[PDB]
Amino acid sequence: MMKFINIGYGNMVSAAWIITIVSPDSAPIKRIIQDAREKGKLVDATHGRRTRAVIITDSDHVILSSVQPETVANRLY
Amino acid sequence: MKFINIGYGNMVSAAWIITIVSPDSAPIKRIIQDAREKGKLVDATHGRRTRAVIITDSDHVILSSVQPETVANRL
Amino acid sequence: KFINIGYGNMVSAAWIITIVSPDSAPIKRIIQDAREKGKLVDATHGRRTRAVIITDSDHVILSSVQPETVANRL
Amino acid sequence: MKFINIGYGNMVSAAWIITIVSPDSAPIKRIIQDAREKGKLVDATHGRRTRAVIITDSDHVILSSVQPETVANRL
Amino acid sequence: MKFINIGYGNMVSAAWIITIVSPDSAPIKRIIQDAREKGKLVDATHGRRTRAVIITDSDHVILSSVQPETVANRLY
Amino acid sequence: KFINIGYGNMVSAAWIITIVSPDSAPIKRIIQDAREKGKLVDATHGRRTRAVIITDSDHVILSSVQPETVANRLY
Amino acid sequence: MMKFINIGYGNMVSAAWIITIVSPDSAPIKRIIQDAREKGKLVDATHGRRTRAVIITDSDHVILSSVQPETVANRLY
């Protein structure tokens, strides 16, 4: 088990503060992203690639990753 | 143990769950629409029927296609 | 960690601030203040309210189960 | 030691108590009055006294009929 | 311990204290009047001389008759 | 607990949410949001920004070391 | 390891609540300091001396200390 998790391309997220990791497959989650981008709380760490996991933290930040949600929690190890 | 699979690969951190309840009551459908309004509704049912509603500490309301007991024992 | 408060509904113990009897407060005011801010959680499933669970983040959760028996389930 | 019975079956979680104080101070009587006004008051003193004022996080205020040192002793 | 006696039976949980400072300076007495107005002041001196100001996570300020480096000593 | 992010400045690892590369374009709004709002802490101390540390109090801290350097210095 | 850190002239700070400890060099912190001074979440534990470290806590308190930042951090233990 690691405190910080690689979410791709060197960007790190603390596991202690993750609320949820979800797929971008729905409409309510696209609104979560747009609401985040509007409030300046969106953190885009796909570095260009297709977004595959959406990380929501306590501080109401939304973090976009290029890896799969099962993979993210796995990288906790 | 820390991250819980609530259906279709969607993960939730057990450290932040306040409560898990049944969808089968009118007050709790109001909680769901109250969550869409403040932009705090996360739908993880992947299109299926809602069977557990997860309320986190950040006031997020998360919708799961899995029974509450199943979520509880997946800790 | 998780405590069954009746009818399958779970509350995480780590976030409960207080558990209070409906005879022992201006409960109707605490409850109606909770619905007003949209933080009322009804897990009585039609039965009578017998324990009121205040959590951090100001959620208020109605349970049909006796207060101290909820505590004993720790 | 986690949960405490402070009066008539009313429970408080020790991890969320900020301070247990004695009554008979002017500022705390405004804290009690402010919380009673603001809805965050929990009265466990069925009359007969008030000997401890319990302040938790999220400014919930709780009145108990036994001395603060006793309230702490129940840990 | 978990809870600290700060004078005359009044307790503070160590986990919620942010800072304990001397009363002897101008900036702190504005903190106190600020809290006294907004009703987040807790007076636990039982009338005696104010020698430490405790600032907790809920923005409460708690006045104690005991000295700051004594209050920290009662932790362990 | 306490990590040196360069030139004497410390950050407590328990309050970091994310550590991001200054490459990602949307963060530059994140930095200007903090700098304008007075929540920005610049510890690059003249040098070039190599990691952006975001904390729970919505503080944004600029550091001159790699995000991998910040996370690794935990140990 | 200890919970309370002596930051000068008897003033204590709980380590659990510290977010960051920084040098007074940066002109962005003077705005942070000066924001907190008028706003009334500033604590001045310098006892009149020159400011050597700025402690930023959870709940947005800004605590000014007269010792160096490495000094506050190493005095944890």
Side-chain angles (χ1 to χ4, degrees), chain A residues 1-18 21 40-49 51 53 55 57 59 61-68 71-77, chain F residues 1-28 30-35 39-75, chain G residues 18-23 25-26 28-29 53-54 56 69-70 73-74 76:
Chain A
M1 180 175 67
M2 293 177 66
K3 297 287 180 182
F4 295 108
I5 301 193
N6 210 33
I7 58 148
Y9 290 59
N11 308 292
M12 306 285 93
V13 178
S14 158
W17 299 97
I18 290 178
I21 312 155
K41 264 182 155 55
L42 178 68
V43 184
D44 190 342
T46 64
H47 264 78
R49 294 289 189 191
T51 302
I55 303 168
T57 78
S59 71
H61 287 98
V62 180
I63 305 172
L64 268 48
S65 162
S66 52
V67 304
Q68 201 193 12
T71 301
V72 180
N74 281 172
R75 278 198 221 211
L76 185 47
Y77 269 149
Chain F
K1 264 70 173 183
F2 288 124
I3 302 167
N4 186 338
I5 62 173
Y7 301 175
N9 308 289
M10 304 308 225
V11 172
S12 161
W15 302 89
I16 297 174
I17 288 90
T18 182
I19 318 176
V20 306
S21 179
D23 304 350
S24 301
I27 65 171
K28 273 208 144 183
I30 277 162
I31 287 168
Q32 283 301 119
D33 283 340
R35 183 194 300 284
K39 283 229 160 185
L40 178 77
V41 184
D42 188 347
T44 76
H45 202 292
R47 273 64 185 180
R48 195 137 173 290
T49 298
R50 295 198 146 157
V52 171
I53 299 89
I54 293 177
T55 77
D56 181 71
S57 51
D58 304 324
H59 282 102
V60 180
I61 301 157
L62 304 193
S63 168
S64 84
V65 301
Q66 284 284 114
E68 293 178 352
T69 294
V70 181
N72 179 31
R73 274 153 173 219
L74 176 55
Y75 314 114
Chain G
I18 290 179
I19 294 170
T20 190
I21 297 153
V22 300
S23 176
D25 295 355
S26 180
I29 72 165
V54 178
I56 298 179
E70 307 85 340
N74 290 163
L76 174 58

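Excluded from the calculations below are hydrogen atoms, water molecules and symmetry mates; all remaining heavy atoms, backbone and side chain alike, are included. Every chain is numbered from 1 and lettered A, B, ... according to where its sequence line falls, protein lines coming before strand lines.
Side-chain atoms of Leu76(A) and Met1(A), non-hydrogen and from C-beta on, do get closer than 4.5 Å to each other. The closest side-chain heavy-atom distance from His61(A) to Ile54(F) is below 4.5 Å. At least one side-chain heavy atom of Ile53(F) sits less than 4.5 Å from a side-chain heavy atom of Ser63(F). When side chains are defined from C-beta on, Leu42(A) does not count as touching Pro26(F), because their heavy atoms never get closer than 4.5 Å. Annotation: side chain of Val67(A) is in contact with side chain of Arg75(A) (closest heavy-atom distance under 4.5 Å). Side-chain contact check for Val70(F) versus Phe4(A): every heavy-atom pair is 4.5 Å or farther apart.
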*asked:* One pair to check against salt bridge (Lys or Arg N to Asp or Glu O under 4.0 Å): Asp33(F) and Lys41(A). What are the steps and the verdict?
replied: CA-CA 10 Å; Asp33(F) 283 340; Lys41(A) 264 182 155 55; over 6 Å; no
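Taking both residues in full, the closest heavy atoms of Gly8(F) and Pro69(G) are given as O-CB, 3.6 Å, listed atom of the first, atom of the second, then distance. Considering all non-hydrogen atoms of both residues, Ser66(A) and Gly8(A) come closest at OG-CA, 4.5 Å. For the residue pair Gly40(A) and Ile30(F), the shortest heavy atom distance occurs at O-CG1, 3.5 Å. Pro22(F) and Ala51(F) make their closest contact through CD-N, 3.9 Å (heavy atoms, listed as atom of the first residue, atom of the second, distance). Nearest heavy-atom pair, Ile17(F) versus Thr55(F), reported as atom, atom and distance to 0.1 Å: CD1-C, 3.2 Å.
Evaluated for a side chain to side chain contact (heavy atoms under 4.5 Å, CB included) with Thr44(F), the options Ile5(F), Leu62(F), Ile61(F) yield exactly one hit, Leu62(F).
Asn11(A) CG to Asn6(A) CG: the interatomic distance, rounded to the nearest 0.5 Å, is 7.5 Å. Rounded to the nearest 0.5 Å, atoms CD (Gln66(F)) and CG (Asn72(F)) are 12.0 Å apart.
Relative ring orientation between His47(A) and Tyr9(A) is described as parallel, the plane-to-plane angle staying below 30° on a 0-90° scale split at 30° and 60°.
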